[PDB]
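S.K.: This is the structure I have questions about; it appears just below.
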Amino acid sequence: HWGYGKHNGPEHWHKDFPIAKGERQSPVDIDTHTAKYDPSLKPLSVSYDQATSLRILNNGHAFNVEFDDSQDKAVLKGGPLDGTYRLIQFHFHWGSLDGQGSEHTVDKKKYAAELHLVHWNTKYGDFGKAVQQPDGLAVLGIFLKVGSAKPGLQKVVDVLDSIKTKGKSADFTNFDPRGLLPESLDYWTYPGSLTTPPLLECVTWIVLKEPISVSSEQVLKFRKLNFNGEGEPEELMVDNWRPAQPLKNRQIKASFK
Ligand SMILES: O=C(O)Cc1cccc([N+](=O)[O-])c1
Ligand SMILES: [Zn+2]
């Protein structure tokens, strides 16, 4: 099945998922000089004070931190969005080396990792319905650069030993995702897709301009995870990013001058 190896990686996905060659695929390169400032874009509203984290899972492709999305407890509104989007999970993409790992690029620059906070539009009632709609999902993307440690990440790093292999989960309550945000909420936005199969074209992307800093030791711990299940040959979970796709007939908008 699909993955990030030589024989099953991004360049092969189109055979099972023909939408891989579609008109609104993600990620993309953000060309800062051709993005257009749009004064009509509103500030983002991130309301995460009542978030309820539940569990952390190694799904064989990344690790997900899952939230209770049965009520409006952790929501995203404003920005380019109409309506209310509820947080369901976050996950990361990262590299084998500090000079790669992000999915989006900025003037062709790759960051060490990229955080995706995934939200679904409450008008569609459940996540599975929302992914079938062009405005179903809103994903907040945050870049990670290597430098100073991020204290609010450490609780995630320390539990990774307990979910080393595919299919393992652990209880993960009382985690506050506000400790992952940068100071500024200035952003770029464009219409795109999921970056893993099934690659559905259901996402409004909101990519923050300001990266967060994490330490070398924090990222090194991500690279100790395994793509494989327990008692199968070890293959390190690294380079779980899709490369940039053609922009086609899309414009990237900026919230800032
Ligand atoms: O890989 C999956 O399971 C599909 C999936 C599910 C949720 C969010 C996703 N995204 O691209 O942000 C992708
Ligand atoms: Zn992702």
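Start at 1 and count along the chain as shown; that gives each residue its number.
The header says X-ray crystallography, 1.2 Å.
Any Cβ shown, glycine's included, is placed from N, Cα and C.
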S.K.: Which of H104, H116 does Swiss-Prot put in the same Zn(2+) site as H91, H93?
M.R.: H116
S.K.: Of the residues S47, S70, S162, which is given the phosphoserine tag by Swiss-Prot?
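M.R.: Record says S162.
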S.K.: Which candidate in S102, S169 appears in Swiss-Prot with the annotation phosphoserine?
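M.R.: The phosphoserine feature in Swiss-Prot corresponds to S169.
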S.K.: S162, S169, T195, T196: which of these recorded positions has the sparsest Cβ neighbourhood within 10 Å?
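M.R.: Checked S162, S169, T195, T196; of these recorded positions, fewest Cβ neighbours within 10 Å: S162.
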S.K.: Just the number: how many Å between the Cα atoms of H93 (Zn(2+) binding site) and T195 (substrate binding site)?
M.R.: 10
S.K.: Tell me the coarse DSSP state (helix, strand, coil) of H61 (active site, proton donor/acceptor).
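M.R.: Assignment for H61 (active site, proton donor/acceptor) reads coil.
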S.K.: Out of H93, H116, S169, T195, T196, which recorded positions have CB atoms lying under 6 Å from ligand 1?
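M.R.: Those recorded positions that pass the cut-off, since their Cβ is under 6 Å from ligand 1, are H116, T195, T196.
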S.K.: Using Cβ atoms only, which residues of the same chain lie under 8 Å from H61 (active site, proton donor/acceptor) while being at least 6 residues apart in sequence?
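M.R.: Spatial neighbours, sequence-distant, of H61 (active site, proton donor/acceptor): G3, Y4, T196, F227, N240.
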S.K.: Please give me the recorded positions out of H91, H116, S169, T195 that lie within 10 Å of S162 (phosphoserine), comparing Cα atoms only.
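M.R.: Cα filter at 10 Å returns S169.
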